[PDB]
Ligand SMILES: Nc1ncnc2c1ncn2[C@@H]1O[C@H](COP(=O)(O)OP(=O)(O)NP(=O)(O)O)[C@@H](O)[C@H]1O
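Read the single chain below, which is given as structure tokens and is the form deposited without this ligand.
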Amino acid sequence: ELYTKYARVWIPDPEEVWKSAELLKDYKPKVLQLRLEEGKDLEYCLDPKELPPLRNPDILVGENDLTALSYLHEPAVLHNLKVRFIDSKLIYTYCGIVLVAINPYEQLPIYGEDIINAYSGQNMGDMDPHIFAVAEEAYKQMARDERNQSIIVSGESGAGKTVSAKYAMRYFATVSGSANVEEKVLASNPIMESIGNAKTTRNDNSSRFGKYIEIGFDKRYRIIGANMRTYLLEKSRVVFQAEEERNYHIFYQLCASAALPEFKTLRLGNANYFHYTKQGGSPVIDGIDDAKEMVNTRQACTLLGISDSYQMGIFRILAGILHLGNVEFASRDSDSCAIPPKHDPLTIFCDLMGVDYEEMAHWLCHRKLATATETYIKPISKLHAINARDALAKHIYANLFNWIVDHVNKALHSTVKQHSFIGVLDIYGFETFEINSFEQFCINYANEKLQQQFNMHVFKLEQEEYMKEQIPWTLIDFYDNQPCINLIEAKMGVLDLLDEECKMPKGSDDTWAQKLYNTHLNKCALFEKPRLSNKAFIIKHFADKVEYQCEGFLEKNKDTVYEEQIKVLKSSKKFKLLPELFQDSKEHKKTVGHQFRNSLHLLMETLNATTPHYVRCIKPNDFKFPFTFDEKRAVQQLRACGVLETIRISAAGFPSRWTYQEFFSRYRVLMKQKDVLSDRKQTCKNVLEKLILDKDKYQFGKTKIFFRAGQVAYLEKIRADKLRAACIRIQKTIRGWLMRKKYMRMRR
């Protein structure tokens, strides 16, 4: 077998996720005699059955493409990235069609202008990987064919998705021949950060939405302009946070400026005074001045041509949402409530918005039914009043966000008709915490859909390459996460039962969980129950299993916005913006899970129109050190980006391809002169058919040999054996001949 003395293996180690070892005696069927670098010697158990991951030869290590490696497993990937990053400082790397970008915190020269002119024209493999190589592969495919192109970027927001997008746009501008997309797009970033980013337990300044920039090209492929869209915004954060989280930065940037005179009308308090900001208990981010960020947000708005009249509108509405949060109900009787007399938060909310106090106080505590002929004003429980108030806050914020994006687009658009576009998606990756909740559940469902699109695109490209090389395409094996997506989204899926439990009377998180267990517990292999609890469930995702706690779900999922409360706000006359938000039914009834599932189907329609290109970003250390690579953090990030699962899917197929001359050169050391022949293709067919016994392992394409995983490492080892033995024989002959001459000299 492949395990021999003088072979190298990876052993699992808790301090650094894998450690290298050498095998001291050849294996024969329950212990291995293992050398190390950490001391010479160690004794290592085999386990009931297992062999360690076997280590690739050092010709393949440090290749520009992880799927050049003959063994594909977590140790090889982690090592190969570490040696490229630490030794050569090559941050970019490839895996299949994906570009992995490892973020140095240090700045680099490599983005500099000349290289733009160097990459342009070059086919994707002909140059070492760099973000420009993907930017060209899009620009070239757009010019070559009708289709728009998309670039898709994933990872924890620290990982540097924005820097990758920024450089992609510089590539487009500089090759295309430009005006003022780049300066404007980078000018928008502080606004979209302030209103769309959030602070999460694992990460400060997380971005809770997917943001899409459509760069527009003329029929001459000159950059016209750009268009922005936003998807998947999580509304629930506005009303509710877990411990040690904040809702969107803008509320804290607004409260931090409460002293300033233009804000004084808002009567803003200390950031933990209000009900929406205080719940996380975490007002100050370490190492940020919020008041300074407010000034940067305003100046970015001014630079995008939102006049100061509207900026004071925006902050007026946000202070409105904060004051609305403090409104507090007393129950009269178990199915009725009212607001107490002259309640100070409601009075300030009515002053800030203009709506007359009696009408808000009336509508917050009642709802209106109407048949066409008759109308009933009906009281509602204190709980329903709270759910309606929070639904009104979420509805205001979601429309304010959509409005600010419509104005940014008004600055970014330009009049010339867009001939085709290239669209660069910054999204979040797969996400798991000690505690997982409706937010994580929606993020993971979005990532399952994106991962499905990626798997189908890779499978299409590989089918086309197999048909190109005259191989049977029926060999290639397709791996389909549709069974999980059907678990989450199909009828009597998790989301559909959550929506049912919202409306069913006396609904609760316990009765929801019980409906899950009845519906799925042993019917679907992907759904599992944690043994020691009844308030949680486990979904086997693409990447990993994830426990989700039930305790949040129904409280967060509910929206219903009572139509009269909007009609009251819409009637207000004091200022332009508040009527302007709500301008254009069934949608008011929809739950947050259903609005999310619709937004994700729009995103998938937008991407399906387009040919993708992928970037992954990984954050190499937890503490922003300039080049330290922490193999624990990088392993976690590589799992969360699905790179390891991509490599698993690839390793099943034929990952490794050789051109007949390049093969023939390397293995001419093995080949015998009788086998050498006037047709190298036939020569290699003969030699290979002898060297590796089972023809199932390899295929002959028209111009390329394909090999299953490991076979190239096997050939490299037999090559090293033959060359070693030949070297030993010549060395012993030369050593003998010289010492024998010294013997003859003593004889003479």
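Each form is matched to the other, and the largest set of C-alpha atoms that superpose within 1.5 Å is called the rigid core. Only residues modelled in both forms are compared. Numbers for residues come from their place in the sequence shown, where the first is 1.
Keep in mind that the form deposited with this ligand bound is not shown, yet the notes after this line are about it.
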Site superposed, this ligand placed from its pose in the deposited bound form: open or blocked, blocked meaning at least 3 ligand atoms within 2.4 Å of a backbone or C-beta atom?
blocked
Non-hydrogen atom contact residue 379 with this ligand in the deposited bound form at 4.5 angstroms
no
4.5 Å heavy atom contact, residue 335 to this ligand in the deposited bound form:
no
According to a 4.5 angstroms non-hydrogen atom cut-off, is residue 289 in contact with this ligand in the deposited bound form?
no
Answer yes if any heavy atom of residue 103 is within 4.5 Å of a heavy atom of this ligand in the deposited bound form; otherwise answer no.
yes
This ligand isn't shown here, but in the deposited bound form, which of 234-242, 551-559, 200-208, 501-509 has heavy atoms within 4.5 Å of it?
200-208
Among 91, 159 and 162, does every residue place a heavy atom within 4.5 Å of this ligand in the deposited bound form?
yes
Quick one: of 667, 310, 111, 221, which gets a non-hydrogen atom within 4.5 angstroms of this ligand in the deposited bound form?
111
Lining up the core, where do at least three residues in a row all have CA moves of 2 Å or more between the shown form and the other one?
745-748
